[PDB]
C-alpha cells in the first residue's frame, strides 16, 4: 500500500491529475510489483515553492512504502515520475525532487499491515 504525494507549484487540471494517476498506477504495478488499486495518490497544485533561487515551476514528489524498496526500484521510479511530471506539467527535470520514505506501520480498512 504505497502513498504518493505530488506537490507542484503549477495548477493541475483534471487531465493532468488523471494522466499522473495512470503513470503512478503503472509504476506501482510494473516497478514496485504491487497492485495499482492500492496506491493512494494526493495532488497538491499551485503550491507556493522556492528552489534554486526562484519560484519558477518546480515539483516535489514523496513516495511512502511499507517495507522499503528493492535495489533498483527507486532509480526506476525517479526516472518515470520525473519524465511524467515534465510531460504533463512542463516542469524541467532539474526542478523535480522525488523523496522516498517508508512508514513503520500502515492501516487500511481499520486494520494494520
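Numbering follows the first chain given and starts at 1.
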Quiz item: Per the entry, where is the mean C-alpha temperature factor higher: 104-112 or 2-10?
Solution: 104-112
Self-check item: Higher-B stretch (mean Cα B-factor, as the entry records it), 33-41 or 53-61
Solution: 33-41
Quiz item: Going by the entry, which third of its chain does the Cα temperature factor of residue 86 land in?
Solution: middle
Exercise. Using the B-factors in the PDB entry, rank residue 74's C-alpha atom against the chain and give the third, lowest, middle or highest.
Key: middle
